[PDB]
Structures are given as structure tokens and as C-alpha cells.
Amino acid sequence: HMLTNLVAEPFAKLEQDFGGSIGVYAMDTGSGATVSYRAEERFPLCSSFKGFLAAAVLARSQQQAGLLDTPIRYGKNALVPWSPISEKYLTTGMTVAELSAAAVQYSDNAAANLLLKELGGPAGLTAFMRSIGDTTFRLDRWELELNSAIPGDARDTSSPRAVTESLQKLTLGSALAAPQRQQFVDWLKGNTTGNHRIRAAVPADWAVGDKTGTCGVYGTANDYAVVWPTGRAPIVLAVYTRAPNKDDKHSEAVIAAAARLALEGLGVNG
């Protein structure tokens, strides 16, 4: 409780300036110290489910050898907005591994939907999260309907704490086999969409992997990350936002500032 009270006031000021709600859970994997602010509230996942989607693909690849190399062909009707990689391979197809990398590193929507289909839809991804001990995560819909971010709607949400706990298990714990774990970390490390979020709070000499989400309404956006500071154990953290009005805009700077506060609360000199 000590570190959480250390940062309670600055978090309240930050979210009031933002005009919405900020949810943060950060875990120092060395000491076990944690920082929480609205950490048990539900926030829309938006694209952040795509990280867990790729982890679920990797988990299945442990039992289905050759799953990652399977070519997937798709039609033009699969190309929903923000499919920047898959639109370039419409005439050729892509492998499951390439779709997973595109989903993680470019937030590719068509790729995410194609991989969701392979796993049995939103319920199949939810089942995977249940299998690692996450009872909070729920995915209910596909891209782009899952972006609705309706106030009070539990569909397609999780909590910052559950996101951080599941991310820890998948990137640092035993939820994935060692080769699949490293592949998940490497995909997160290569993300291209989060330079202005948690990464903006992380010194250049620290390794970081992240997955972003941006719903586009209700001030709703997020990022989760694993951060490897030099000389100490890694930090896992999740930063989620929402706001009361549909037209409220999200703020990357607010996500970065919340990440800064979480790291400062943990005592990690950034």
C-alpha cells in the first residue's frame, strides 16, 4: 500500500487535467512492489488484445508444430481500416507468424481478425486467458466493432492489474515455453505504434516491448509494456484511459506521463 499512496495525488491531478479516468498497475518483478491507480476498474482493450492474441497463437504452436508457417489467404473483404501490412500481401497471402507480427507490431486489424478466426473467435482468446489464470479479461467482438468503448459496457475489457499480471506470466513467467516466450518478447520489442506512450517514459538504454490500443472514442487508449532497466529486475506495467463523452480525445502524452509516475512510484530512476 505504501508505493500506491506515494503516487495517489499526482495520478488524480493527471487524470483531472486529462478529463477522464486513468488506470495503472505497475509491478517491480524483483521486489514485488506494485503501484496501483484504478487498477481494478475495467477499461476497453481496443487493439491491446492483439498482443494476447499473438501469445495465444504461440501457445497453440507449442502443440501444433508448423502452425506458424501455415499460409493464410484472404479476400479483399477481410481488409478493414488500419490493415497496413496485410493490404500489401492481399494478392499473395501471409503466414500465421507474419500475421501475428503484423497484429503486434503494426496493430494490423485484418491480421487480428484472421488470427481470431483461427483461435475460434473472441471466446477462444478469452479461453486462452482463462487458461493462464486471468478471470478478468474478456473479448466479445471483432475488429472494428470492439472499439465502441461504451461507458459501463464490460464487453472487450480488462483491468490494468489483470493485463499486467497476464503480461508478466507470458513474457517473464512460465505460461509460454521458453522459445515462444522469447518470440513474444521480440514481437513486443519491435512494436512500431507505441513511440509516444510508455516508451516515451523509458530511457534509451533500457529495453522495452509494448502493445498499444486506440479505440478512437470516449478518450479511450492504452499501452502495456515490459521494461528492462539496466541493473535491476524488469518492470511490467499497464496504462489504460477512458473519458465520459464520445467525442473526448485520447492523449498519448497522458499515457506517457502516467507511465512516468508509475516508474517514479516504484523508485526506478528514469
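Superpose the two forms; the largest set of C-alphas matching within 1.5 Å is the rigid core. The first residue of the shown sequence is 1; numbering continues from there.
Between 9-17 and 249-257, the larger root mean square Cα shift in 7 other deposited structures of this protein, once each structure is superposed on the rigid core, falls on 9-17. As recorded in the PDB entry, 229-237 is the stretch of 214-222 and 229-237 with the greater mean C-alpha temperature factor. Per the PDB record, of the two stretches 6-14 and 246-254, 6-14 carries the greater mean B-factor over its C-alpha atoms. Remark: of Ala178, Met94, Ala102, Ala200, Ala178 shows the highest value [criterion: C-alpha B-factor in the PDB entry].
Taking only the listed residues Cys46, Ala56, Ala33, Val208, the entry reports the highest CA temperature factor at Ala33. The PDB entry assigns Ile150 a C-alpha temperature factor belonging to the lowest third of its chain's modelled residues. For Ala78, the recorded CA B-factor ranks within the highest third of the chain. Only modelled residues enter the ranking. Sorting the modelled residues of the chain by their CA temperature factor places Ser174 in the highest third. Ranked within its chain, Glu118 lands in the highest third, by CA B factor from the PDB record. When the CA B factors of the chain's modelled residues are split into thirds, the value for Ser158 lands in the lowest one.
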